[PDB]
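S.K.: Structure file final_13.tsv (TSV, C-alpha atoms and all ligand atoms) is given on the next line.
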```
chain	number	residue	atom	x	y	z
F	1	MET	CA	24.70	-19.88	-4.94
F	2	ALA	CA	21.36	-19.59	-3.08
F	3	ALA	CA	18.99	-16.70	-2.21
F	4	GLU	CA	16.47	-17.04	-5.02
F	5	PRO	CA	15.54	-13.77	-6.83
F	6	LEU	CA	12.00	-12.77	-5.80
F	7	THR	CA	9.92	-10.65	-8.24
F	8	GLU	CA	9.92	-6.83	-8.21
F	9	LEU	CA	6.59	-6.65	-6.38
F	10	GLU	CA	7.45	-9.60	-3.99
F	11	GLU	CA	10.75	-7.89	-3.19
F	12	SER	CA	9.12	-4.45	-2.70
F	13	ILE	CA	6.42	-5.88	-0.38
F	14	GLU	CA	8.99	-7.92	1.58
F	15	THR	CA	11.08	-4.70	1.91
F	16	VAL	CA	8.14	-2.93	3.64
F	17	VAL	CA	7.06	-6.09	5.55
F	18	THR	CA	10.54	-6.33	7.15
F	19	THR	CA	10.49	-2.60	8.06
F	20	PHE	CA	6.97	-3.15	9.48
F	21	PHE	CA	8.30	-6.21	11.35
F	22	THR	CA	11.07	-4.21	13.07
F	23	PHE	CA	8.77	-1.26	13.91
F	24	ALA	CA	6.08	-3.76	15.02
F	25	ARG	CA	8.61	-5.59	17.26
F	26	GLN	CA	9.69	-2.42	19.17
F	27	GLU	CA	6.80	-2.65	21.66
F	28	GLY	CA	4.07	-5.31	22.22
F	29	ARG	CA	3.76	-7.91	19.43
F	30	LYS	CA	5.79	-8.04	16.17
F	31	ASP	CA	2.31	-8.10	14.64
F	32	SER	CA	0.90	-4.66	15.59
F	33	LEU	CA	2.14	-1.07	15.59
F	34	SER	CA	1.44	0.58	18.96
F	35	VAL	CA	1.21	4.40	19.03
F	36	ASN	CA	4.78	5.13	20.23
F	37	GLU	CA	6.06	2.54	17.74
F	38	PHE	CA	4.11	4.38	15.06
F	39	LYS	CA	5.43	7.79	16.13
F	40	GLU	CA	8.98	6.34	15.94
F	41	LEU	CA	8.38	5.39	12.26
F	42	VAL	CA	7.27	8.89	11.25
F	43	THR	CA	9.92	10.50	13.49
F	44	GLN	CA	12.74	8.24	12.24
F	45	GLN	CA	12.08	8.26	8.47
F	46	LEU	CA	9.36	10.27	6.60
F	47	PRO	CA	11.65	13.29	5.97
F	48	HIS	CA	9.71	14.77	3.01
F	49	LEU	CA	6.48	12.73	2.64
F	50	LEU	CA	4.14	13.08	5.63
F	51	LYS	CA	5.24	16.39	7.11
F	52	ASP	CA	3.76	17.22	10.48
F	53	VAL	CA	4.89	14.01	12.06
F	54	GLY	CA	3.68	15.81	15.25
F	55	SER	CA	-0.01	15.36	14.35
F	56	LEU	CA	0.58	11.61	13.96
F	57	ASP	CA	-2.00	10.75	16.62
F	58	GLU	CA	-4.80	12.04	14.34
F	59	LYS	CA	-3.50	9.87	11.47
F	60	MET	CA	-3.24	6.91	13.90
F	61	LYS	CA	-6.93	7.34	14.86
F	62	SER	CA	-7.73	7.48	11.10
F	63	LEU	CA	-5.71	4.38	10.04
F	64	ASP	CA	-6.93	2.49	13.11
F	65	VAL	CA	-10.53	2.56	11.77
F	66	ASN	CA	-11.68	0.70	14.94
F	67	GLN	CA	-9.61	2.86	17.38
F	68	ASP	CA	-8.47	-0.28	19.24
F	69	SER	CA	-4.85	1.06	19.31
F	70	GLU	CA	-3.41	-2.08	17.73
F	71	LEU	CA	-2.56	-0.89	14.21
F	72	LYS	CA	-2.52	-4.38	12.67
F	73	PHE	CA	-0.43	-4.91	9.48
F	74	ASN	CA	-3.50	-4.14	7.32
F	75	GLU	CA	-4.34	-0.98	9.30
F	76	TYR	CA	-0.71	0.29	9.41
F	77	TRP	CA	-0.48	-0.62	5.70
F	78	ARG	CA	-2.85	2.34	4.96
F	79	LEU	CA	0.10	4.68	5.58
F	80	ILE	CA	2.08	3.15	2.69
F	81	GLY	CA	-0.86	3.98	0.40
F	82	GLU	CA	-0.98	7.56	1.49
F	83	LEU	CA	2.83	7.75	1.10
F	84	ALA	CA	2.35	6.34	-2.44
F	85	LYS	CA	-0.35	9.06	-2.95
F	86	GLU	CA	1.65	12.01	-1.54
F	87	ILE	CA	4.33	11.32	-4.19
F	88	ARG	CA	1.88	13.24	-6.47
F	89	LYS	CA	-0.77	14.56	-4.03
F	90	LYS	CA	1.40	17.28	-2.53
F	91	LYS	CA	-1.98	19.15	-2.54
F	92	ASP	CA	-4.38	18.33	-5.37
F	93	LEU	CA	-5.06	21.45	-4.59
F	94	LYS	CA	-3.83	25.13	-4.84
F	95	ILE	CA	-0.24	26.36	-4.82
F	96	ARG	CA	0.23	22.64	-5.56
F	97	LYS	CA	3.36	21.25	-7.34
F	98	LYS	CA	4.20	20.51	-11.02
E	1	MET	CA	1.11	16.57	-8.91
E	2	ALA	CA	4.58	15.10	-9.66
E	3	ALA	CA	8.00	14.53	-8.91
E	4	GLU	CA	10.70	14.65	-6.17
E	5	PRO	CA	13.60	12.31	-5.10
E	6	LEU	CA	13.38	10.85	-1.59
E	7	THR	CA	14.61	8.56	1.32
E	8	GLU	CA	14.41	4.73	1.87
E	9	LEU	CA	10.72	4.03	2.70
E	10	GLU	CA	10.04	6.84	0.24
E	11	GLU	CA	12.02	4.71	-2.36
E	12	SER	CA	9.95	1.62	-1.51
E	13	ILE	CA	6.75	3.57	-2.26
E	14	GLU	CA	8.34	5.08	-5.41
E	15	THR	CA	9.33	1.59	-6.66
E	16	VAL	CA	5.67	0.43	-6.48
E	17	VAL	CA	4.42	3.82	-7.81
E	18	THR	CA	6.50	3.31	-10.99
E	19	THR	CA	5.04	-0.22	-11.46
E	20	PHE	CA	1.54	1.20	-10.81
E	21	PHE	CA	2.21	3.94	-13.39
E	22	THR	CA	3.59	1.57	-16.07
E	23	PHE	CA	0.36	-0.48	-15.84
E	24	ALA	CA	-2.01	2.46	-15.21
E	25	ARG	CA	-0.72	4.22	-18.33
E	26	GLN	CA	-1.54	1.30	-20.69
E	27	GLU	CA	-4.97	2.03	-22.12
E	28	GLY	CA	-4.52	4.98	-21.03
E	29	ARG	CA	-6.60	6.14	-18.09
E	30	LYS	CA	-3.20	6.94	-16.48
E	31	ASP	CA	-4.90	6.87	-13.06
E	32	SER	CA	-7.24	3.86	-13.15
E	33	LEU	CA	-6.52	0.22	-14.07
E	34	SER	CA	-9.07	-1.42	-16.39
E	35	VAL	CA	-9.43	-5.24	-16.44
E	36	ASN	CA	-6.77	-5.50	-19.15
E	37	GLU	CA	-4.19	-3.67	-17.05
E	38	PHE	CA	-5.34	-5.10	-13.73
E	39	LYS	CA	-5.59	-8.71	-14.96
E	40	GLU	CA	-2.27	-8.24	-16.79
E	41	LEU	CA	-0.56	-7.49	-13.42
E	42	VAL	CA	-1.70	-10.77	-11.85
E	43	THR	CA	-1.00	-12.73	-15.04
E	44	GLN	CA	2.44	-11.15	-15.59
E	45	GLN	CA	4.07	-10.21	-12.30
E	46	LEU	CA	3.07	-12.02	-9.22
E	47	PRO	CA	4.05	-14.88	-9.82
E	48	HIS	CA	4.10	-16.98	-6.60
E	49	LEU	CA	3.23	-14.37	-3.92
E	50	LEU	CA	-0.53	-14.95	-4.12
E	51	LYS	CA	-2.65	-17.37	-6.15
E	52	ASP	CA	-6.00	-17.71	-7.94
E	53	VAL	CA	-5.34	-15.23	-10.69
E	54	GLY	CA	-8.04	-17.23	-12.54
E	55	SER	CA	-10.86	-15.75	-10.45
E	56	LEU	CA	-9.21	-12.31	-10.75
E	57	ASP	CA	-12.63	-10.77	-11.29
E	58	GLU	CA	-13.67	-11.86	-7.74
E	59	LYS	CA	-10.87	-9.60	-6.49
E	60	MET	CA	-11.79	-6.95	-9.13
E	61	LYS	CA	-15.40	-6.66	-7.95
E	62	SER	CA	-14.24	-6.74	-4.30
E	63	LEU	CA	-11.66	-3.98	-5.04
E	64	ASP	CA	-13.78	-1.83	-7.42
E	65	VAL	CA	-16.54	-0.92	-4.88
E	66	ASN	CA	-16.85	2.75	-6.03
E	67	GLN	CA	-18.75	0.98	-8.88
E	68	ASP	CA	-16.95	2.83	-11.68
E	69	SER	CA	-15.64	-0.28	-13.59
E	70	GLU	CA	-12.11	1.15	-13.34
E	71	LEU	CA	-9.65	0.30	-10.51
E	72	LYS	CA	-8.75	3.83	-9.42
E	73	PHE	CA	-5.62	5.06	-7.57
E	74	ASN	CA	-6.94	4.14	-4.39
E	75	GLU	CA	-9.06	1.12	-5.21
E	76	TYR	CA	-6.14	-0.59	-7.00
E	77	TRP	CA	-3.85	0.04	-4.04
E	78	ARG	CA	-5.90	-2.50	-1.98
E	79	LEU	CA	-4.43	-5.42	-4.00
E	80	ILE	CA	-0.87	-4.42	-3.11
E	81	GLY	CA	-1.94	-4.66	0.55
E	82	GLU	CA	-3.42	-8.07	0.07
E	83	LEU	CA	-0.46	-9.49	-1.88
E	84	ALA	CA	1.84	-7.91	0.75
E	85	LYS	CA	-0.24	-9.50	3.52
E	86	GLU	CA	-0.35	-12.83	1.55
E	87	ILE	CA	3.36	-13.27	2.33
E	88	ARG	CA	1.89	-14.09	5.78
E	89	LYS	CA	-1.78	-14.88	5.07
E	90	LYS	CA	-3.30	-17.92	3.29
E	91	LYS	CA	-6.74	-16.39	2.57
E	92	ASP	CA	-7.29	-17.66	6.12
E	93	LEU	CA	-10.60	-15.83	6.58
E	94	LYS	CA	-12.00	-13.59	3.82
E	95	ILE	CA	-11.94	-9.81	4.38
E	96	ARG	CA	-15.52	-8.49	4.68
E	97	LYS	CA	-17.33	-6.22	7.18
E	98	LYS	CA	-19.70	-3.33	7.22
C	101	CA	CA	4.35	-3.65	18.42
C	102	CA	CA	-6.80	-1.75	15.02
C	103	CA	CA	-5.35	2.59	-17.22
C	104	CA	CA	-13.74	1.81	-9.42
```
Rewrite the structure of this file - the entire thing - as structure tokens.
Ligand SMILES: [Ca+2]
Ligand SMILES: [Ca+2]
Ligand SMILES: [Ca+2]
Ligand SMILES: [Ca+2]
M.R.:
Amino acid sequence: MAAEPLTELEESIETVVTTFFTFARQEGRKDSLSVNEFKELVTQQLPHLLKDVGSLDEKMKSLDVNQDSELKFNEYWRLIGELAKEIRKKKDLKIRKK
Amino acid sequence: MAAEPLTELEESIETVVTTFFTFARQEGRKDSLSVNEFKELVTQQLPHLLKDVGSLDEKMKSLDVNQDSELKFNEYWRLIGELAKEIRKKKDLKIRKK
């Protein structure tokens, strides 16, 4: 009918952009992740990727290279990279993973 | 290294990780994208999401900054951020800062 099939990448990026949009809309500006907003993301999902969702605030200060406490899309985005890393980088390391 | 099944956002990273892998593996260098692996992604996939796949090598040199003429798994990643962002952004203002 209608709802034109986007490409695999387009789709996959839209999929994270929408999730971003919701988690960005929670508090101040559907445009930045605030810290509580961020903590909600790691608390709500991230079951097996980024364990120690407690020490988020460290990660936040790392993603937010400027430490302005607006994690803009591009700053927040960092997380998705690290996620995409952790898939294999369970360590790198010792007592790693096959 | 390797290998575990996951949740939703975890799927969205996996679904780009597979794409990454399928290109990364080409030459091989099953880690780093050469500019007949990289350029192939822009040529093949995009197709609408972003634009100026002609001056790919602009992006390449901007992405590549560790100077090893090989888009490593976390140079390459940058592009996914930009094309993600491009759903919003025009190339409004160019990304540069030290
Ligand atoms: Ca917000
Ligand atoms: Ca910021
Ligand atoms: Ca390669
Ligand atoms: Ca490089």
S.K.: Tell me as a list in words which residues belonging to chain F come within 6 Å of chain E, counting only C-alpha atoms.
M.R.: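 Contact residues on the first chain: residues 13, 84, 88, 89, 97 and 98 of chain F.
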S.K.: Could you pull out the residues sitting within 12 Å of ligand CA 104 (chain C), using all atoms listed in the file, and write them as a PyMOL selection string?
M.R.: chain E and resi 31-35+38+60-78
S.K.: Fit chain F to chain E: least squares, all C-alpha atoms, paired in order; write the output as a PDB file with C-alpha atoms, keeping the file's coordinate frame.
M.R.:
```
ATOM      1  CA  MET F   1      24.845  15.144  -7.583  1.00  0.00           C
ATOM      2  CA  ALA F   2      21.049  15.483  -8.004  1.00  0.00           C
ATOM      3  CA  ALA F   3      18.050  13.147  -7.480  1.00  0.00           C
ATOM      4  CA  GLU F   4      16.950  14.246  -4.023  1.00  0.00           C
ATOM      5  CA  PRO F   5      16.238  11.407  -1.520  1.00  0.00           C
ATOM      6  CA  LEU F   6      12.462  11.160  -0.998  1.00  0.00           C
ATOM      7  CA  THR F   7      11.169   9.743   2.333  1.00  0.00           C
ATOM      8  CA  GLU F   8      10.469   6.029   2.891  1.00  0.00           C
ATOM      9  CA  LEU F   9       6.714   6.474   2.476  1.00  0.00           C
ATOM     10  CA  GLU F  10       7.077   8.977  -0.484  1.00  0.00           C
ATOM     11  CA  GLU F  11       9.426   6.514  -2.178  1.00  0.00           C
ATOM     12  CA  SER F  12       7.145   3.504  -1.496  1.00  0.00           C
ATOM     13  CA  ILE F  13       4.054   5.337  -2.839  1.00  0.00           C
ATOM     14  CA  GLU F  14       5.963   6.600  -5.900  1.00  0.00           C
ATOM     15  CA  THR F  15       7.136   2.977  -6.484  1.00  0.00           C
ATOM     16  CA  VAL F  16       3.485   1.797  -6.707  1.00  0.00           C
ATOM     17  CA  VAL F  17       2.328   4.975  -8.541  1.00  0.00           C
ATOM     18  CA  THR F  18       4.875   4.309 -11.333  1.00  0.00           C
ATOM     19  CA  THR F  19       3.799   0.632 -11.577  1.00  0.00           C
ATOM     20  CA  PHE F  20       0.166   1.858 -11.657  1.00  0.00           C
ATOM     21  CA  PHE F  21       1.177   4.399 -14.332  1.00  0.00           C
ATOM     22  CA  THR F  22       2.633   1.708 -16.628  1.00  0.00           C
ATOM     23  CA  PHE F  23      -0.302  -0.699 -16.093  1.00  0.00           C
ATOM     24  CA  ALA F  24      -2.713   2.257 -16.495  1.00  0.00           C
ATOM     25  CA  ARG F  25      -0.988   3.305 -19.765  1.00  0.00           C
ATOM     26  CA  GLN F  26      -1.340  -0.154 -21.430  1.00  0.00           C
ATOM     27  CA  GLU F  27      -4.885   0.544 -22.675  1.00  0.00           C
ATOM     28  CA  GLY F  28      -7.087   3.704 -22.583  1.00  0.00           C
ATOM     29  CA  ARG F  29      -5.797   6.499 -20.310  1.00  0.00           C
ATOM     30  CA  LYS F  30      -2.658   6.399 -18.097  1.00  0.00           C
ATOM     31  CA  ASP F  31      -5.178   7.351 -15.414  1.00  0.00           C
ATOM     32  CA  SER F  32      -7.443   4.259 -15.235  1.00  0.00           C
ATOM     33  CA  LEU F  33      -6.972   0.491 -15.145  1.00  0.00           C
ATOM     34  CA  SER F  34      -9.231  -1.194 -17.720  1.00  0.00           C
ATOM     35  CA  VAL F  35     -10.153  -4.859 -17.114  1.00  0.00           C
ATOM     36  CA  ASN F  36      -7.542  -6.459 -19.424  1.00  0.00           C
ATOM     37  CA  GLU F  37      -4.939  -4.053 -18.015  1.00  0.00           C
ATOM     38  CA  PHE F  38      -5.970  -5.211 -14.555  1.00  0.00           C
ATOM     39  CA  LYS F  39      -5.817  -8.898 -15.502  1.00  0.00           C
ATOM     40  CA  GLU F  40      -2.282  -8.276 -16.866  1.00  0.00           C
ATOM     41  CA  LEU F  41      -1.199  -6.955 -13.418  1.00  0.00           C
ATOM     42  CA  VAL F  42      -2.431 -10.034 -11.546  1.00  0.00           C
ATOM     43  CA  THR F  43      -1.218 -12.355 -14.333  1.00  0.00           C
ATOM     44  CA  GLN F  44       2.223 -10.706 -14.580  1.00  0.00           C
ATOM     45  CA  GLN F  45       3.113 -10.308 -10.879  1.00  0.00           C
ATOM     46  CA  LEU F  46       1.039 -11.515  -7.850  1.00  0.00           C
ATOM     47  CA  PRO F  47       2.807 -14.921  -7.659  1.00  0.00           C
ATOM     48  CA  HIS F  48       1.961 -15.711  -4.002  1.00  0.00           C
ATOM     49  CA  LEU F  49      -0.436 -12.974  -2.778  1.00  0.00           C
ATOM     50  CA  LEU F  50      -3.787 -12.999  -4.596  1.00  0.00           C
ATOM     51  CA  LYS F  51      -3.977 -16.569  -5.852  1.00  0.00           C
ATOM     52  CA  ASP F  52      -6.790 -17.282  -8.264  1.00  0.00           C
ATOM     53  CA  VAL F  53      -5.817 -14.530 -10.621  1.00  0.00           C
ATOM     54  CA  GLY F  54      -8.491 -16.233 -12.819  1.00  0.00           C
ATOM     55  CA  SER F  55     -11.379 -14.900 -10.696  1.00  0.00           C
ATOM     56  CA  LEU F  56     -10.018 -11.362 -11.132  1.00  0.00           C
ATOM     57  CA  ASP F  57     -13.238 -10.134 -12.743  1.00  0.00           C
ATOM     58  CA  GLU F  58     -15.093 -10.594  -9.419  1.00  0.00           C
ATOM     59  CA  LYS F  59     -12.398  -8.574  -7.605  1.00  0.00           C
ATOM     60  CA  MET F  60     -12.590  -5.930 -10.380  1.00  0.00           C
ATOM     61  CA  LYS F  61     -16.371  -5.584  -9.826  1.00  0.00           C
ATOM     62  CA  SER F  62     -15.633  -5.272  -6.064  1.00  0.00           C
ATOM     63  CA  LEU F  63     -12.836  -2.640  -6.316  1.00  0.00           C
ATOM     64  CA  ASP F  64     -14.806  -0.747  -8.966  1.00  0.00           C
ATOM     65  CA  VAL F  65     -17.534   0.092  -6.393  1.00  0.00           C
ATOM     66  CA  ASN F  66     -19.486   1.933  -9.155  1.00  0.00           C
ATOM     67  CA  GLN F  67     -18.973  -0.806 -11.827  1.00  0.00           C
ATOM     68  CA  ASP F  68     -18.115   1.855 -14.434  1.00  0.00           C
ATOM     69  CA  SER F  69     -15.122  -0.268 -15.635  1.00  0.00           C
ATOM     70  CA  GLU F  70     -12.636   2.571 -15.202  1.00  0.00           C
ATOM     71  CA  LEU F  71     -10.695   1.474 -12.111  1.00  0.00           C
ATOM     72  CA  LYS F  72      -9.422   4.966 -11.249  1.00  0.00           C
ATOM     73  CA  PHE F  73      -6.185   5.237  -9.183  1.00  0.00           C
ATOM     74  CA  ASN F  74      -8.237   5.334  -5.949  1.00  0.00           C
ATOM     75  CA  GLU F  75     -10.344   2.312  -6.967  1.00  0.00           C
ATOM     76  CA  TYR F  76      -7.346   0.252  -8.219  1.00  0.00           C
ATOM     77  CA  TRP F  77      -5.510   1.349  -5.045  1.00  0.00           C
ATOM     78  CA  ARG F  78      -7.886  -0.940  -3.035  1.00  0.00           C
ATOM     79  CA  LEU F  79      -5.895  -3.923  -4.339  1.00  0.00           C
ATOM     80  CA  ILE F  80      -2.695  -2.677  -2.659  1.00  0.00           C
ATOM     81  CA  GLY F  81      -4.589  -2.658   0.655  1.00  0.00           C
ATOM     82  CA  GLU F  82      -5.772  -6.187   0.249  1.00  0.00           C
ATOM     83  CA  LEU F  83      -2.220  -7.203  -0.777  1.00  0.00           C
ATOM     84  CA  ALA F  84      -1.001  -5.472   2.428  1.00  0.00           C
ATOM     85  CA  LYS F  85      -3.722  -7.470   4.313  1.00  0.00           C
ATOM     86  CA  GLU F  86      -3.008 -10.888   2.732  1.00  0.00           C
ATOM     87  CA  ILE F  87       0.577 -10.633   4.060  1.00  0.00           C
ATOM     88  CA  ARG F  88      -1.076 -11.784   7.351  1.00  0.00           C
ATOM     89  CA  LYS F  89      -4.665 -12.643   6.300  1.00  0.00           C
ATOM     90  CA  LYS F  90      -3.792 -15.882   4.538  1.00  0.00           C
ATOM     91  CA  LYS F  91      -7.170 -16.936   6.087  1.00  0.00           C
ATOM     92  CA  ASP F  92      -8.067 -15.397   9.443  1.00  0.00           C
ATOM     93  CA  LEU F  93      -9.550 -18.331   9.459  1.00  0.00           C
ATOM     94  CA  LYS F  94      -9.006 -22.166   9.795  1.00  0.00           C
ATOM     95  CA  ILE F  95      -6.001 -24.172   8.634  1.00  0.00           C
ATOM     96  CA  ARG F  96      -4.615 -20.610   8.568  1.00  0.00           C
ATOM     97  CA  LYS F  97      -0.842 -19.838   8.826  1.00  0.00           C
ATOM     98  CA  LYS F  98       1.501 -19.047  11.772  1.00  0.00           C
TER      99      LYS F  98
END
```
S.K.: Give me, please, the distance in Å between atom CA of residue F:23 and atom CA of residue F:40, quoted to one decimal.
M.R.: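 Interatomic distance, atom CA of residue F:23 to atom CA of residue F:40: 7.9 Å.
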S.K.: Just to confirm, what's the straight-line distance from atom CA of ligand CA 102 (chain C) to atom CA of residue F:37 in Å (one decimal)?
M.R.: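 We find that atom CA of ligand CA 102 (chain C) and atom CA of residue F:37 lie 13.8 Å from each other.
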S.K.: Grab the atom CA of residue F:24 to atom CA of residue F:36 distance for me, in Å with one decimal place.
M.R.: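 Those two atoms sit 10.4 Å apart.
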S.K.: Build an axis-aligned box that encloses every atom of stretch 3-10 of chain E listed in the file, pad it by 4 Å on each side, and report its centre and edge lengths in Å to one decimal, as AutoDock Vina command-line options.
M.R.:
```
--center_x 11.3 --center_y 9.3 --center_z -3.1 --size_x 14.6 --size_y 18.6 --size_z 19.6
```
